[PDB]
Every structure is written in structure tokens, then in C-alpha cells.
Amino acid sequence: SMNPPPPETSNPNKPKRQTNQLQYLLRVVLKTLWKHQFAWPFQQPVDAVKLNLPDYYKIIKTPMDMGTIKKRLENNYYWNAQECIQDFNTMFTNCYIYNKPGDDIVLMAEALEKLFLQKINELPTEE
Ligand SMILES: Cc1sc2c(c1C)C(c1ccc(Cl)cc1)=N[C@@H](CC(=O)Nc1nncs1)c1nnc(C)n1-2
């Protein structure tokens with residue numbers, strides 16, 4: 001069994017910038033989700049080998065996790081807030097695609113997603 005390489009977190013070929021919105025995504029959004037009691041499954045890529053999930057990376061072809069997002073934000077990898085919001089949405093959606101309704105991990109994702117929605121609702125206007 002083998003895991004894929006993780007999503008990239010650095011690429012000199014990719015345009016990037018700092019924006020006040022991206023700063024909020026790190027300081028408010030990421031930080032709020034990261035400290036949550038239910039964050040831990042999402043703090044790093046799914047280890048399909050150790051979890052014995054050999055079909056995971058057949059079903060989930062665009063993996064994403066908050067460890068990757070955190071590094072992307074700390075590295076200023078993004079051009080805009082939408083790119084980062086899309087990564088969060090991919091992460092939640094992947095969990096719902098792979099798992100069953102009412103599974104613990106789905107309840108965890110829902111708790112994080114509720115906070116994510118609350119925080120992104122107050123994403124500042126771009127400066
Ligand atoms: C470190 C990680 S990452 C992760 C998980 C763990 C431990 C777990 C998980 C399970 C319960 C709780 Cl309380 C918390 C987490 N769920 C897997 C799916 C899975 O294991 N399905 C199975 N089907 N029967 C046998 S195991 C999963 N799906 N997305 C993510 C992200 N995970």
C-alpha cells in the first residue's frame with residue numbers, strides 16, 4: 001500500500017501575493033479551525049496506508065487537508081482568498097464523499113465547517 005505525494009505547498013512557478021483577506025484566512029479562519037477539538041484528523045494528509053483505506057485515493061482524487069492549507073498560507077502560496085477557500089471546501093467535500101452520513105468523521109467535519117462558514121462570512125473587503 002502507498003500514499004500519494006502530498007499536495008504541493010511551494011512552487012516558484014505559481015503566482016502569489018499577500019492580501020489582507022489571505023491574512024484573515026490565516027490568523028482567523030485557519031487558526032480557529034486548527035485549535036478545535038475535532039481538527040486532528042484534518043491536520044495532515046490522510047494516511048491511507050496506516051488507516052487501511054486502500055480505496056481512499058481512488059475515490060478522492062483531489063486530496064486536501066489543513067496541514068497543507070496552513071503551509072500554503074504561511075508560505076504565501078495563494079494569489080487570492082478564493083483559492084484558499086476552495087482548498088477548505090475541497091477538504092470538507094472529500095470527507096463527505098468518502099464517508100457515510102452520521103459517521104464520527106462527518107460530524108467532525110460539519111463542526112469545523114460551521115465555524116469556517118461563520119468566519120468567512122466576515123472576510124474583510126480587500127484593501
Ligand atoms: C487520522 C484520520 S484522517 C480520518 C480518520 C482518521 C483517524 C478517520 C476518523 C474516524 C473516526 C474519528 Cl472519531 C476520527 C477520524 N476516518 C477516515 C475514514 C475511515 O477511517 N473510514 C473507515 N471505514 N471503516 C474503517 S475506517 C477519514 N476520512 N477522512 C478523514 C480526514 N479521515
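Order of listing sets the numbers, starting from 1, for every ligand and every atom in it. Keep in mind that the numbers below use all heavy atoms, side chains included, and drop hydrogens, waters and symmetry copies. Just so you know, residue 1 is the first one in the sequence shown, and it goes up from there.
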Run the side chain to side chain donor-acceptor pair (under 3.5 Å) test on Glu83 and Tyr77 for me, step by step, so that the C-alpha distance in whole Å, both residues' side-chain angles and the decisive distance to 0.1 Å come before the verdict.
CA-CA 10 Å; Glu83 291 181 343; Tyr77 174 86; over 6 Å; no

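Note that atom 18 (C) of ligand 1 has protein non-hydrogen atoms nearby, at separations under 4.0 angstrom. For atom 23 (N) of ligand 1, no protein heavy-atom neighbour is found at a distance under 4.0 Å. Note that atom 29 (N) of ligand 1 has protein non-hydrogen atoms nearby, at separations under 4.0 angstrom.
Under 4.0 Å is where a charged nitrogen must lie from a carboxylate oxygen, and between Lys58 and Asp55 no such pair does.
Heavy-atom separations between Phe38 and ligand 1 are all 4.0 Å or longer.
Among protein heavy atoms, the minimum distance from atom 26 (S) of ligand 1 is reached at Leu53 CD2, 3.9 Å. The protein atom (non-hydrogen) at minimum distance from atom 11 (C) of ligand 1 is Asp104 CB, 4.2 Å. Nearest protein heavy-atom neighbour of atom 12 (C) of ligand 1: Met108 SD, 3.9 Å. Summary of contacts: the protein heavy atom closest to atom 6 (C) of ligand 1 is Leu51 CD1, 3.9 Å. Nearest protein heavy-atom neighbour of atom 32 (N) of ligand 1: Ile105 CG1, 3.9 Å. Considering only non-hydrogen protein atoms, atom 31 (C) of ligand 1 sits nearest to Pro41 O, 3.6 Å.
Side chain of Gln43 to main chain of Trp34: a donor-acceptor pair is present (N/O by atom type, distance under 3.5 Å, no hydrogens or angles). A donor-acceptor pair under 3.5 Å links the side-chain atoms of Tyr24 to the main chain of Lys119, judged by distance alone.
For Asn52, no heavy-atom contact with ligand 1 is shorter than 4.0 Å. Contacts between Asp47 and ligand 1 below 4.0 angstrom, taking non-hydrogen atoms only, are absent altogether. Of all the heavy atoms of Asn99, the ones lying under 4.0 Å from any atom of ligand 1 belong exclusively to the side chain.
More than 12 heavy atoms of other residues, nucleotides or ligands lie within 6.0 Å of CD in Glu126, so this atom counts as buried by the packing criterion. More than 12 heavy atoms of other residues, nucleotides or ligands lie within 6.0 Å of CD in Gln82, so this atom counts as buried by the packing criterion. For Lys50, the NZ atom counts as loosely surrounded, since its 6.0 Å shell holds 12 or fewer non-hydrogen atoms of other residues, nucleotides or ligands.
Counting atoms of ligand 1 from 1 in the listed order, those under 4.0 Å from a heavy atom of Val46 are 30 (C), 31 (C).
Between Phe92 and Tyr96, the ring planes are parallel. Angles under 30° get that label, and only those over 60° would be called perpendicular.
The CZ atom of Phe116 lies 11.0 Å from the CE atom of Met66; values are rounded to the nearest 0.5 Å.
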